[PDB]
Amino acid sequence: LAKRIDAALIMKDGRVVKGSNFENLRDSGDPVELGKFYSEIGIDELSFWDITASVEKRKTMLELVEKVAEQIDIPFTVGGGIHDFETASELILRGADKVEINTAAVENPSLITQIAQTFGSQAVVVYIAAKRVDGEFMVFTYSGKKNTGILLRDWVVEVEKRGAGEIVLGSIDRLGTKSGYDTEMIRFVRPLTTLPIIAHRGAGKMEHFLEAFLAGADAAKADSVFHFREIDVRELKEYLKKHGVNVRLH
């Protein structure tokens, strides 16, 4: 099916960290209005990642998804320190289509299955942050701080086995580089899973998306290149369609 273009939003205290350059918006740093705007100009799905401090976090994330679900009609994902089934459950019930987990999944893979058994696999997104170490792709947790010693190939297979719906494949080797998506990593992972693969980290120009899709990604996620208007979302989809990529245009 159609290749997907995702926008990611980083959040703290109900605000978009670093905001955005869309001066047409009432509040360029308002996650809800920005999300709604993206949904209007052609983003296919949104993802919200919250880094609010522990005291206010739960209520902040629940308010956000509630407001977002009311204002937008495309699927969205919420994530950020989701550590257990009850937290994931209340976010989905409150309005999220999907939850994103990473570290908590690595430490308890059955959490994937737990969430999927009530909300279906399609509600579970596993973010995998991977990096080359001595010639092998390794899984990293705790915001890139911990080398788990787990091989990417092994974790990808387990993640599907546990019942995840899709995988976000984040290349730590491409963090803030604008040199392109890690297409070697995408090609490496593609044969190991039937799940949708969402490319993340590295995007700097429209051609990088084409490359990502050629590598076998089902979706491409970016943030700052969208928010600071280095890449126009509408042009991006036009470009991709131009060169043969199937994108979308009770």
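Residue positions are given as counts along the sequence shown, with the first one as 1. Here, rigid core means the biggest group of C-alpha atoms that superpose within 1.5 Å across both forms.
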Taking RMS over all structures and residues, which stretch has CA atoms farther from the shown form in 6 other deposited structures of this protein, 46 to 54 or 181 to 189, after a rigid core fit? 46 to 54
As recorded in the PDB entry, how many deposited residues are without coordinates between residue 1 and residue 2: none, 1 to 3, 4 to 9, or 10 or more? none
Determine, for stretches 15 to 23 and 238 to 246, which one has the higher mean CA B-factor as deposited. 15 to 23
Comparing 85 to 93 with 68 to 76, the one whose average Cα B-factor in the PDB entry is higher: 68 to 76
Highest-ranked of 49, 37, 181, 213 once sorted by CA temperature factor in the record: 37
Going by the CA temperature factor in the entry, name the top one among 222, 186, 32, 219. 32
Which third, lowest, middle or highest, does the C-alpha temperature factor of residue 120 belong to within its own chain? middle
Could you place residue 134 in the lowest, middle or highest third of its chain by Cα temperature factor, using the values in the record? highest
If you rank every modelled residue in this chain by C-alpha B factor, which third holds residue 148: lowest, middle or highest? lowest
Taking only the Cα B-factors deposited for this chain, tell me whether residue 53 sits in the lowest, middle or highest third. highest
Please place residue 62 in the lowest, middle or highest third of its chain by C-alpha B factor as given in the entry. middle
